[PDB]
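Colleague: Residue numbers (the entry's author numbering), protein chains in the order written: chain A, 8 to 395; chain B, 8 to 395; chain C, 8 to 395; chain D, 8 to 395.
Built from N, CA and C at the ideal position, the CB exists for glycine as well.
Have a look at this one before I ask anything.
4 protein chains.
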Amino acid sequence: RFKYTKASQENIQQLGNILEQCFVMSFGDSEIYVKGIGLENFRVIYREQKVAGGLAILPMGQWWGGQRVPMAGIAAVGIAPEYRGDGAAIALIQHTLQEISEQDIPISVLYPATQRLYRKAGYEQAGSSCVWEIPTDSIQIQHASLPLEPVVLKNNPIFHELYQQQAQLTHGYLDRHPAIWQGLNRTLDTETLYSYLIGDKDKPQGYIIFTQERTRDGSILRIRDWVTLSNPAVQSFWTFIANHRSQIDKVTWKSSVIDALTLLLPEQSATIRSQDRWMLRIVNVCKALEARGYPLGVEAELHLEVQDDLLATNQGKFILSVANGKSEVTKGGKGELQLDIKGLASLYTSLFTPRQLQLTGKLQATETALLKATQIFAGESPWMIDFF
Amino acid sequence: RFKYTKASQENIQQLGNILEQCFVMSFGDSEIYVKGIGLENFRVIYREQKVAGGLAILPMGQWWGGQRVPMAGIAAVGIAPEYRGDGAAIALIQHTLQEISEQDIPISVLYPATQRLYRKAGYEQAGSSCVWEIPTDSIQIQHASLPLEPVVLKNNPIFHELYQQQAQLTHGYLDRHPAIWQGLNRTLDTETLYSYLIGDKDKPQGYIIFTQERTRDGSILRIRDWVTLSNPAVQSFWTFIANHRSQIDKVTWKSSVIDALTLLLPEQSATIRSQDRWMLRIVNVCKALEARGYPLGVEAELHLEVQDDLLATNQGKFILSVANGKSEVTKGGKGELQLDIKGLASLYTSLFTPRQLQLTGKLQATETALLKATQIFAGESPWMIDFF
Amino acid sequence: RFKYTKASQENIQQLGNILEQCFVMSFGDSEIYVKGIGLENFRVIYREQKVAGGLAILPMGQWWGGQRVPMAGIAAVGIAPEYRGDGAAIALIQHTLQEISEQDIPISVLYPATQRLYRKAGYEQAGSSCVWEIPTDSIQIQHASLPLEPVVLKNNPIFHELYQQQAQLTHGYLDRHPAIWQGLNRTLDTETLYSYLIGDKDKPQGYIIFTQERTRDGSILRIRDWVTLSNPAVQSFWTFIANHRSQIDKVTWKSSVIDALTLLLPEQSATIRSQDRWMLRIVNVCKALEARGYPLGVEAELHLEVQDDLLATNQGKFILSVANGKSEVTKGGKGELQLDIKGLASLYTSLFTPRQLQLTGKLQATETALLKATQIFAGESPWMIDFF
Amino acid sequence: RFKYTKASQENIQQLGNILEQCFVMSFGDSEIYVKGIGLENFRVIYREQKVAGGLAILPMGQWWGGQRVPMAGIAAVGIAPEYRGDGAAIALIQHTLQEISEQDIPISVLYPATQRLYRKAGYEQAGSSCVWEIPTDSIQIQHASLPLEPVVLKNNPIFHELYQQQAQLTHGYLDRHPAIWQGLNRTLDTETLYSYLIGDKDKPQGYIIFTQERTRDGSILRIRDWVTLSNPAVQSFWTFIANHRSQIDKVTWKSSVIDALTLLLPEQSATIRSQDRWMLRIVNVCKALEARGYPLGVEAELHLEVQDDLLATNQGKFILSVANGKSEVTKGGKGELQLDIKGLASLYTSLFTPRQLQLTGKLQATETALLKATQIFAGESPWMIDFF
Ligand SMILES: CC(C)(COP(=O)(O)OP(=O)(O)OC[C@H]1O[C@@H](n2cnc3c(N)ncnc32)[C@H](O)[C@@H]1OP(=O)(O)O)[C@H](O)C(=O)NCCC(=O)NCCS
Ligand SMILES: CC(C)(COP(=O)(O)OP(=O)(O)OC[C@H]1O[C@@H](n2cnc3c(N)ncnc32)[C@H](O)[C@@H]1OP(=O)(O)O)[C@H](O)C(=O)NCCC(=O)NCCS
Ligand SMILES: CC(C)(COP(=O)(O)OP(=O)(O)OC[C@H]1O[C@@H](n2cnc3c(N)ncnc32)[C@H](O)[C@@H]1OP(=O)(O)O)[C@H](O)C(=O)NCCC(=O)NCCS
Ligand SMILES: CC(C)(COP(=O)(O)OP(=O)(O)OC[C@H]1O[C@@H](n2cnc3c(N)ncnc32)[C@H](O)[C@@H]1OP(=O)(O)O)[C@H](O)C(=O)NCCC(=O)NCCS
């Protein structure tokens, strides 16, 4: 009934049209998008002989406990409205997951338009994204430790190199697919993209990428990506932004829900404009657990019992043995901590603690196993700066 | 110039008037407030022979790492406007801190109207409070595992007993002063206070305390306190609330910034309406560190170097030795991790990780000390449900 | 499990409390309400030995095709939230309907907070209520044909006598229960009730009852009831209202969705602020049809087939024979027009035409039966000015 | 002083400029508009030797009582602002009416920017247009009886054929001028036009034409035209729309003021966003009355007395004799029902009933004549889906 295939020249325009409709994109903005991602990354689902919908798979990485875990990002999931309510989206997602599994990519992440669909395939809330906003005139920091310099973003390796340093240090950050960088460098003809490095010459310590616009409400500077590796970069960031106060009414940036940059402001003038939880699917239990970093000082063996109604190789008992910041996973054990593959996603990312997952019914464990799992999976609240 | 004293019958009305003005309270609502807290808890500052302002000290406790640490809550800080800009508030706060110190209360917490003032006395951001909101018709949970029963709140020990169980389990929760409970039981003549226990008869598993009102925007049910000790209590909570959908447009509750209750909703329909960071002052470094709980499995000695420009006994080098969930603090060591008493507040509560505090310049450490501190102070993001 | 009873002194306070909670009434406003309606009119449902909820039944009349049909208004339906989601409301409604049936009252009407519940018991959309608003300075009518005179409303028979004239002429209008009049005469201590007769002395042609208030948005005059029996009363109404333009920014009134009063304005300055459809239950098919007025000039026999899963006496085939503005209903016939008791409600009131009910699947008929039903049930769009 | 002429190449640009100014059209959008309608349909008024303004006449039809009555739509009436307040618009309208009369077109319709002007020429409120809106997630219908299929609109006869079926059945619907269809097929470069047929293959039962966009408020799907000939088409319509809930926040459509589609929703979640009354001019009393359909079962002779201060042939006494769904109009009689040509417009369309027109002073009649007129002109509330 539903046939899953790679996109081809024969069907990429139809899919692009379906994507424009699904996401309410202005006429033809789908070409730029599809082109930025690459046709090779798009997948199509057919219903009978007609193109019903599709998505993009972004093979990349994600930083967990400071180790890069291969990760397949799912983007632009759309089913043409005439085919909706018929199981086409879940069929698509299941096929896609099977493909990711065959590629030995152990985890997959996406921003859901609707959670029910993705939970049917084993995705679960697993990390945060948060848009903060603040009035420019409330910043009141003039501590310009480091200079700022406008630089060109496109293919500039300095940005990749600073990014990958903050990424490796931030639990949940992407090892970005080229498309993510593409999106960041993309603006309306309307608008100018501004990019600055923070630091003395040839000693960059961070960067800021932003756009500015005038709206009905007033003027806004939207920071789409930033990096601050040190406190002098943080002071310099805020100073630079505070210095836009005569030209800009409000500034927004993406951070963690418990944002640390606001620690340096004189008052709590910043607010959360919006937030989202992205979801994660544990595609391969063994490989996902073995690829992740673990805290040093932890030596524990956790005996897990996992349910996975889609990918049979993940259904069963596994012993996770952690020592020296690394794990080894073997089959078997006593299954002292039981959960569905969904519970494991939230546990894995440290979004919620074992105790919190127990309380919300996503896992059952003995107190000893609860303690071992708390020690193993403890970490900074997961987030990413990127949307896809 | 400024004289600090306990409030007395001779000056409590003047202070009450100053408090009404400061906090924009309706005429005479200060009497109820002062009465709920008790005159013995109010302090006054004089400028020459005139009452310049004052505050309330709430001696109580706070749960950190599952241990109750004695804590002095600071409430209703007000200086009559004619005495402002003259150092009266900082004088007041310093005197107050000195008194708390003389009582051997090791920490103090408050919600600041302005941060600059309290940071001058060594308070720092240290925990969160967050008001969530959600449309009632988006909850869509009907999983009534446990019944709900309306009960009377006032002096009902069932509430204290369920509260102290969630409190002990929640990093940052208050061991409430009687005034906190008073405030919760207090409503406008306008309004009715609703209180329900969640659970089978004589086996309570949680509770909900709320008010309802109709506004210009529509109807709202404001949850002021809740407890959920188990997943059946959580499902029952949401079911009960979902069942108000024909009568109530929006529901609000207070939780953590990374709220776990929303994990059980079908969609991300809940938003953060507002948030606040409360502040903490480490009044006694040794006693504060020795009173706190620590994670099990950690065995480490952290050599601290603390600056405190107000309370000289906290200025110096301390060795924090942690093992078996407990600490012992001795004087001396190599001061491998240096910080001001403000940095120590944020470190102590686990609001920010050592790495995050390093990056924002609140501490300097060797990588080994950073690791030891990360292991020692790791914990669930601190929050409280209460405002004062 | 659920026991249905008349309210008594033993349970009316508990019910009143439940009603305050359900409808978000200010503390104690339920006493005035319960008192205005009368305890004899309240009904209670018990779950085990506890009061679970209740409602009020308002025995009165409704004008259909110019004949008064006995009608039981259902008001204040509430189930305490702890008993919701357990079938208590539908049990209550079914018991209530059975009681109405035993009293030989053929129809029942209510304003639903949620339609699904009442449709389970055979109520259906059947009439309209609409709140119109207009800027006072856009009326621009100064055609004071008739004078206005302030008069006292309470127990003033002039109002009843003008009301019953417009009522008899308006398809859907209430023959009001005393409680409706009570509600109209009821205001906040805050506010003054204004009542004027329109007409020369001792020759009243209409009236206006209103309140005024100042809000955040500005000033508003809210017309809660009005009567205009002639065009001079209509011109006089608008002139009077236009004359409030220096004191009042906006005026609201309740009318039909296709309001005729706006026909006399110079421009389409009036808008619909809100609308509601009330619902009707055909309690007795024969008696409801025989009590209604029919258009003159119609001579037709309509052979109906009705389903009623609650009240078996309404389930079956009926011949409706109409002539000389009157009907006679007998059992049997060929059931050329089939519908559920819900379809019959909408058909009966003329909210939707047979063709419209066919198209939305509420009835199936032959073209001849469709024509006969169109001729029989044609009429002015049903509405009432009252809410209950 | 004012000379009336057909537009020509010599003056269509000036008029187009005047039209851009009058209607606040973006620079040059008047060319597309003028082109879509055709220069032959535009008329110009001159003041001395200068072009003062103009309009478009749309010769088409309108469905009344299921018969197509020739109708001249008046569009784009504009007088350059320097010529306003001098009688140029009324001169234009009078000339235009005289032309329509000379073409034997018996009725004319328009959407007024200001009523006073058109009433001076005998137009009166006569039908409704209403824009409804609803949150997509409140629809909650998944009853996909019939499939939907995207099809091309432009010159597709399937659309004309389904349209003319709903048109013939809907009292007030247009028999559309080509320009109406043109406008429907016209969108911004910004936007994509979506068109779907509802029904099994080769058995179409309805259709939907819409656009989608993202605004400041959120996302919206605007339905500009739809057809539903049967209940399966109605269920399919709502199902399709409900299936946009993850992508679209709000849906709007045009319907009647007493919309029947909302009868099928679970709750009254839809609201009226805006409404308008269009106006009608009875250009030829005899021909207008003879062209209209009448209800079957009515046999009556109504003796009218009409005033028309513009078109003398309509001023006088007429006998309308109705039988077998048809009329014959002869001159004379006793003028038992008197009205101005404006009253006759509202009577003719069934917007207001005779009783309602009597009450608002638009007609005087004996009770027998009131009854005969009620029987003759009864019908579904008039509306159209189109604006022009
Ligand atoms: C949602 C969309 C994918 C339609 O998919 P579909 O083919 O109707 O979904 P399926 O029929 O496979 O449904 C499978 C499950 O998903 C759920 N689902 C589908 N659409 C949903 C929605 N809008 N809201 C909630 N759940 C939804 C179903 O309830 C079903 O679960 P069930 O078995 O418990 O009923 C569609 O393209 C859309 O409206 N917008 C594009 C935006 C988007 O979906 N983005 C995702 C992030 S890229
Ligand atoms: C703020 C209030 C206490 C006035 O205090 P004050 O006597 O003027 O304060 P002081 O003169 O002691 O000032 C000491 C420090 O506090 C700071 N401060 C005082 N009021 C401040 C304000 N509104 N915003 C920011 N900083 C403020 C000063 O800048 C100063 O720091 P500096 O030495 O760097 O200049 C006053 O009562 C008020 O406006 N409202 C009551 C609300 C409130 O303060 N609540 C606190 C929570 S209970
Ligand atoms: C709705 C209220 C009556 C609770 O009733 P309840 O006992 O939970 O209802 P029941 O368990 O008998 O449910 C029977 C049906 O009603 C429906 N229902 C109940 N509450 C509903 C709601 N808020 N929205 C939609 N449907 C509802 C159920 O879906 C059920 O149909 P189903 O069998 O298809 O599932 C409650 O008092 C309330 O929230 N507010 C008072 C306002 C009010 O209801 N007013 C009505 C006008 S006076
Ligand atoms: C209104 C417009 C046509 C100007 O016309 P004009 O030449 O000033 O009108 P006239 O001088 O012929 O006036 C004749 C009558 O119309 C009335 N009239 C004209 N403009 C009016 C307005 N804006 N509001 C109310 N009445 C108006 C006059 O009061 C007059 O009646 P009176 O004899 O009782 O005083 C002008 O083009 C405009 O502002 N906008 C274009 C929008 C539009 O009119 N659309 C109609 C639908 S296409």
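Are the C-beta atoms of C/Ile-279 and some chain D residue less than 8 Å apart?
Modeller: In the third sequence, the residue the question calls residue 279 of chain C occupies position 272. It does; some Cβ of chain D falls within 8 Å.
Colleague: Report the rounded CA-to-CA distance for A/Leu-271 versus B/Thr-367, giving the unit in angstroms.
Modeller: By one-based count along the first sequence, residue 271 of chain A stands at place 264. By one-based count along the second sequence, residue 367 of chain B stands at place 360. The alpha-carbon atoms of A/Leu-271 and B/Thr-367 are separated by roughly 7 Å.
Colleague: Per DSSP, B/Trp-139 is paired with what?
Modeller: Numbered from its first residue, the second sequence carries residue 139 of chain B at position 132. B/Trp-260 and B/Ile-279, per the DSSP bridge assignment.
Colleague: Let me know the secondary structure DSSP gives B/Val-241 once reduced to three states.
Modeller: The sequence position of residue 241 of chain B within the second sequence is 234, counting from 1. Three-state DSSP puts B/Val-241 in a helix.
Colleague: Any idea if B/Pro-389 is buried or exposed, counting beta-carbon neighbours within 10 angstroms, 16 or more meaning buried?
Modeller: Working through the second sequence from its first residue, we reach residue 389 of chain B at position 382. So B/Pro-389 ends up on the buried side.
Colleague: Taking the straight line between their C-alpha atoms, what separation do you get for A/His-251 and A/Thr-197?
Modeller: Here residue 251 of chain A corresponds to residue number 244 of the first sequence, with the count starting at 1. Here residue 197 of chain A corresponds to residue number 190 of the first sequence, with the count starting at 1. Straight-line Cα distance between these residues: approximately 20 Å.
Colleague: Does the CB of B/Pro-273 have a neighbour CB from chain A at under 8 Å?
Modeller: Working through the second sequence from its first residue, we reach residue 273 of chain B at position 266. Yes, contact with chain A.
Colleague: Between B/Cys-29 and ligand 1, is there a pair consisting of the residue's CB and a ligand heavy atom that are separated by less than 7 Å?
Modeller: Position 22 of the second sequence holds residue 29 of chain B. No - ligand 1 has no heavy atom lying nearer than 7 Å to the Cβ of B/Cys-29.
Colleague: Three-state secondary structure (DSSP) at B/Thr-269?
Modeller: Residue mapping note: residue 269 of chain B aligns to position 262 of the second sequence, counting from 1. Helix at B/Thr-269.
Colleague: For B/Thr-337, which residues from the same chain have a beta carbon less than 6 Å from its beta carbon, with the 5 sequence-adjacent residues on both sides left out?
Modeller: Here residue 337 of chain B refers to the residue found at position 330 of the second sequence. Excluding residues within five positions, the ones whose Cβ falls inside 6 Å are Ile-326.
Colleague: In whole angstroms, what separates the C-alpha of B/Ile-255 from that of C/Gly-35?
Modeller: Here residue 255 of chain B is taken as the residue at index 248 of the second sequence, counted from 1. Here residue 35 of chain C is taken as the residue at index 28 of the third sequence, counted from 1. C-alpha separation (whole angstroms): 19 Å.
Colleague: Taking only the alpha-carbon atoms, compute the straight-line gap between A/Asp-224 and D/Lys-161 and give it to the nearest angstrom.
Modeller: Along the first sequence, one-based indexing puts residue 224 of chain A at 217. Along the fourth sequence, one-based indexing puts residue 161 of chain D at 154. Straight-line Cα distance between these residues: approximately 40 Å.
Colleague: In terms of alpha-carbon separation, which member of D/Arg-288, D/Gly-94 and D/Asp-283 lies closest to C/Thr-269?
Modeller: Taking the first residue of the third sequence as 1, we reach residue 269 of chain C at position 262. Nearest C-alpha to C/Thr-269: D/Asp-283.
Colleague: Would you mind giving the Cβ-Cβ distance between A/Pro-154 and A/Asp-207, rounded to the nearest angstrom? I have them listed as a contact below 8 Å.
Modeller: Within the first sequence, the letter at position 147 stands for residue 154 of chain A. Within the first sequence, the letter at position 200 stands for residue 207 of chain A. Right, the Cβ-Cβ distance comes to about 7 Å (below 8 Å), so this counts as a contact.
Colleague: Quick one: which chain A residues come within Cβ less than 8 Å of D/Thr-199?
Modeller: By 1-based counting over the fourth sequence, the position of residue 199 of chain D is 192. Ordered by position in chain A, the residues that pass the 8 Å Cβ test against D/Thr-199 are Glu-27, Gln-28 and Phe-34.
Colleague: Whose C-alpha, out of D/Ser-108, D/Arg-126 and D/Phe-217, is nearest the C-alpha of D/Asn-291?
Modeller: By 1-based counting over the fourth sequence, the position of residue 291 of chain D is 284. The candidate whose alpha carbon is nearest that of D/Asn-291 is D/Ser-108.
Colleague: Can you tell me whether B/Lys-57 is helix, strand or coil according to DSSP?
Modeller: The residue you call residue 57 of chain B lines up with position 50 of the second sequence. Correct three-state label for B/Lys-57: strand.
Colleague: Can you tell which of C/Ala-352, C/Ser-152, C/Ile-216 and C/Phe-30 has the C-alpha that lies nearest to the C-alpha of C/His-167?
Modeller: Sequence index remark: in the third sequence, residue 167 of chain C carries index 160 (1-based). The option with the nearest alpha carbon to C/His-167 is C/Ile-216.
Colleague: Do you know how far the Cα of D/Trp-188 is from the Cα of D/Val-159?
Modeller: Taking the fourth sequence and counting its residues from 1, one reaches residue 159 of chain D at position 152. Taking the fourth sequence and counting its residues from 1, one reaches residue 188 of chain D at position 181. Cα to Cα, D/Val-159 sits roughly 13 Å from D/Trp-188.
Colleague: Compare the C-beta of C/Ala-128 with all C-beta atoms of chain B and state if any pair is closer than 8 Å.
Modeller: Translated into positions along the third sequence, residue 128 of chain C becomes position 121. No, C/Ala-128 lies away from the interface with chain B (no Cβ there is under 8 Å from its Cβ).
Colleague: Can you list, in chain order, the stretches of the beta strand (DSSP E) that have 3 or more residues and sit fully within the segment 32-120 of chain B?
Modeller: Those beta strand (DSSP E) runs which fall completely within the segment 32-120 of chain B and span 3+ residues are 49-54, 57-71, 74-86 and 114-117.
Colleague: When the Cα atoms are used, what is the spatial distance from C/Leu-195 to B/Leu-228?
Modeller: For this step, residue 195 of chain C is matched to residue 188 along the third sequence. For this step, residue 228 of chain B is matched to residue 221 along the second sequence. Roughly 23 Å between the two C-alpha positions.
Colleague: Per DSSP, D/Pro-157 forms a beta bridge with which residues?
Modeller: Working through the fourth sequence from its first residue, we reach residue 157 of chain D at position 150. DSSP lists D/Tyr-203 as partners of D/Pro-157.
Colleague: Quick check: what's the CA-CA separation for B/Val-58 versus A/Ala-133?
Modeller: Stepping through the second sequence from its first residue, residue 58 of chain B is reached at position 51. Stepping through the first sequence from its first residue, residue 133 of chain A is reached at position 126. Cα to Cα, B/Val-58 sits roughly 54 Å from A/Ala-133.
Colleague: Can you find a heavy atom of ligand 3 that lies under 7 Å from the Cβ of C/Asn-24?
Modeller: In the third sequence, counting from the first residue as 1, residue 24 of chain C sits at position 17. No, the Cβ of C/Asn-24 stays beyond 7 Å of every heavy atom of ligand 3.
Colleague: According to a CB-to-CB cut-off of less than 8 Å, which residues of the segment 226-247 of chain D neighbour chain A?
Modeller: Residues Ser-226, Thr-246 and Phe-247.
Colleague: Could you spell out where the alpha helix (DSSP H) holding D/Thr-356 opens and where it closes?
Modeller: Counted from its first residue, the fourth sequence places residue 356 of chain D at position 349. Where D/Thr-356 is concerned, the enclosing alpha helix (DSSP H) stretches over 348-356.
Colleague: Apart from the five residues just before and just after B/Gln-28, which ones in its own chain have a Cβ nearer than 8 Å to its Cβ?
Modeller: Numbered from its first residue, the second sequence carries residue 28 of chain B at position 21. Around B/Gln-28: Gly-85, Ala-87 and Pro-88.
Colleague: Where do the ends of the beta strand (DSSP E) carrying D/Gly-23 lie?
Modeller: The count along the fourth sequence starts at 1 and reaches residue 23 of chain D at position 16. Looking at the DSSP string, D/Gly-23 is not in any beta strand (DSSP E); the run it does join, the alpha helix (DSSP H), is 19-29.
Colleague: In chain order, what residues of the same chain have a beta carbon less than 6 Å from the beta carbon of D/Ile-100, not counting five sequence neighbours either side?
Modeller: Residue numbering aside, residue 100 of chain D sits at position 93 when the fourth sequence is read from its first letter. Once the five neighbours on either side are set aside, the close Cβ partners of D/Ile-100 are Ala-128.
Colleague: Heavy atom of ligand 1 less than 7 Å from the Cβ of D/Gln-254, yes or no?
Modeller: The residue you call residue 254 of chain D lines up with position 247 of the fourth sequence. Yes, since a heavy atom of ligand 1 falls inside the 7 Å radius drawn around the Cβ of D/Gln-254.
Colleague: Indicate the three-state DSSP secondary structure (helix, strand or coil) for D/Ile-230 in the structure shown.
Modeller: As a working mapping, residue 230 of chain D is identified with position 223 in the fourth sequence. Looking at D/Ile-230 - three-state DSSP - the assignment turns out to be strand.
Colleague: Within 10 angstroms of its Cβ, does B/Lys-42 collect 16 or more other Cβ (buried), or is it exposed?
Modeller: Locating residue 42 of chain B in the second sequence gives position 35, where the first residue counts as 1. The residue is exposed, with fewer than 16 neighbouring Cβ atoms inside 10 Å.
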